[PDB]
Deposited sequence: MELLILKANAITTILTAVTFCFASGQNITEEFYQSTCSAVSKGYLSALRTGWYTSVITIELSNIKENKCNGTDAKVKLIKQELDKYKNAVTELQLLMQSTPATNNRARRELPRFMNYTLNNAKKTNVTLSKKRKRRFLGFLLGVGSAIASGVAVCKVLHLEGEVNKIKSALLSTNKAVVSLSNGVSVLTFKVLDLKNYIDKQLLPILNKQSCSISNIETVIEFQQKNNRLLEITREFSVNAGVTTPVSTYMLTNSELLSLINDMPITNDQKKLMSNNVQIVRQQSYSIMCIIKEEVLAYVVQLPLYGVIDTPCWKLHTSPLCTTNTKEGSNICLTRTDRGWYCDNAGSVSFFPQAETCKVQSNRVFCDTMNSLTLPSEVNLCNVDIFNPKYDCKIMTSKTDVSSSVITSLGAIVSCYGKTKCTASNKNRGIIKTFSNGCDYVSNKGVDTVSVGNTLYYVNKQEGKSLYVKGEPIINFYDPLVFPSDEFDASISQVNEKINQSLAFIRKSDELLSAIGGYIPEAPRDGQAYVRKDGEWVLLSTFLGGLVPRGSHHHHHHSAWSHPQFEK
């Protein structure tokens, strides 16, 4: 869509809007299964027995791995979830008596089946590999007369089990993202199609398979009665196509000559924001979200739920309805923030700060303060010894002029070195130390 951006000279911040949400709100747990086989020398046979040893070792390795129950600025404000708690709950259910054999018979004549579990969970079940049938029908007649083509074919069919076992071996039975060995592209797509979700969610997931993989978990579960089972925990996107915007912030300092006499302020509420259920889902670690064109994929486990009035901080940081969060300091170091459609430059001290085009070099020299340049005609920005490439996605930027709010503060009573602060908190500290003077 149309991505747009606004820079607020008054608060050294920029908002990128036009994005659409895809928030993981829940989990769908499926049970993926591989059916196992209970079981002089020719050259072609010696390799078959070598591959068969790799197969038993993989089985006993996975059995040995399952002796234990499976487990695994404003970010510090986040709660603490247990991401695979739902999959582990389902996996705990697979250990009950004859619960495994319910699945075994469900998939006797199909590869995809839905099974109600004894506690009422309605899971999709998938037999992705019948090694039982291959080994019993093609390999067992030889062991109880070899060609080279079955050796090739066995290695191919056994390779998937060996790779699944490798992933679980270096990841303590819990992997993310979910590899194509756990679930092939076609398997996952068909799993998505049979999922109980909207046509909207099916289209979204099918068109973003790579993101679904990254937000999914594979939990090695049980080996019992010739059945290898691991739970695949898939994301549920209960919030879709709501407006999202990214808030970029950078430090705003006074620019006095006498070094150390300068005071700084930085909006700490940077990150992603998406409208969600009458509130705003705020993701302080914008690293958690994944952007595909204009679609933002986030996990609500790494969000706060804030009043929508938090959006007022962008137009009016002194608004009376929400207490905008800032941090203060006297550390006027130079840096840049690359935004969606431009660049914020916090230039202080003796630092060289410029913006350049690929064919003509420097086109703007910044002066001390916080400033901004859009990515039209600009390819790179330099702050000191650091070169930043700007994003070259298209979209209009708007420079909103306004006086830097740091000018409104008397440095002699300014409370520096406050991190978890806000506009009101800084006011009340000022008007206390003012009371003594």
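Gaps between the deposited sequence and the modelled coordinates occur at 1 to 25, 65 to 70, 104 to 136, 209 to 213, 507 to 568, listed in sequence order.
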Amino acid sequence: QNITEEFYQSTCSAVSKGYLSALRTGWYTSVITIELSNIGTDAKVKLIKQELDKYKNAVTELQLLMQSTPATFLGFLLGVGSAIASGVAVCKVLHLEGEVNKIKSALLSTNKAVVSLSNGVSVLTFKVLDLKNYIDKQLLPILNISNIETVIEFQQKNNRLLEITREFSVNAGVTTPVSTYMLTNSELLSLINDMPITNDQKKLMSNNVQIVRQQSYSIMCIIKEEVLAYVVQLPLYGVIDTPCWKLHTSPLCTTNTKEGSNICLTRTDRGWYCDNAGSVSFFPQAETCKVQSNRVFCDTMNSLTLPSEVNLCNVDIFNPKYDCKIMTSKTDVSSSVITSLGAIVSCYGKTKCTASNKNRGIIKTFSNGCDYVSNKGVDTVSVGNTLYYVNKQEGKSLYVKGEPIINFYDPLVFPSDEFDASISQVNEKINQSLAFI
From here on, numbers count along this sequence of modelled residues.
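Stretches 426 to 434 and 4 to 12 differ in mean C-alpha B factor, with the higher average recorded for 426 to 434. As listed in the deposited structure, the average C-alpha B-factor of 191 to 199 and of 358 to 366 is greater for 191 to 199. When the C-alpha B factors of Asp299, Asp323, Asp130, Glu167 are read from the deposited coordinates, the top value falls at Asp130. In this structure the maximum Cα B-factor among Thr305, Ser218, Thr331, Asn111 is found at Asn111.
Split the chain's modelled residues into thirds by C-alpha temperature factor. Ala229 is in the middle one. In this PDB entry, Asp53 carries a Cα temperature factor that places it within the highest third of its chain's modelled residues.
Placement of the Cα temperature factor of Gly384 within the chain: lowest third of the modelled residues, per the deposited record. Ranked against the other modelled residues of its chain, the C-alpha B-factor of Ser374 as given in the entry falls in the lowest third.
For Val59, the recorded CA temperature factor ranks within the middle third of the chain's modelled residues.
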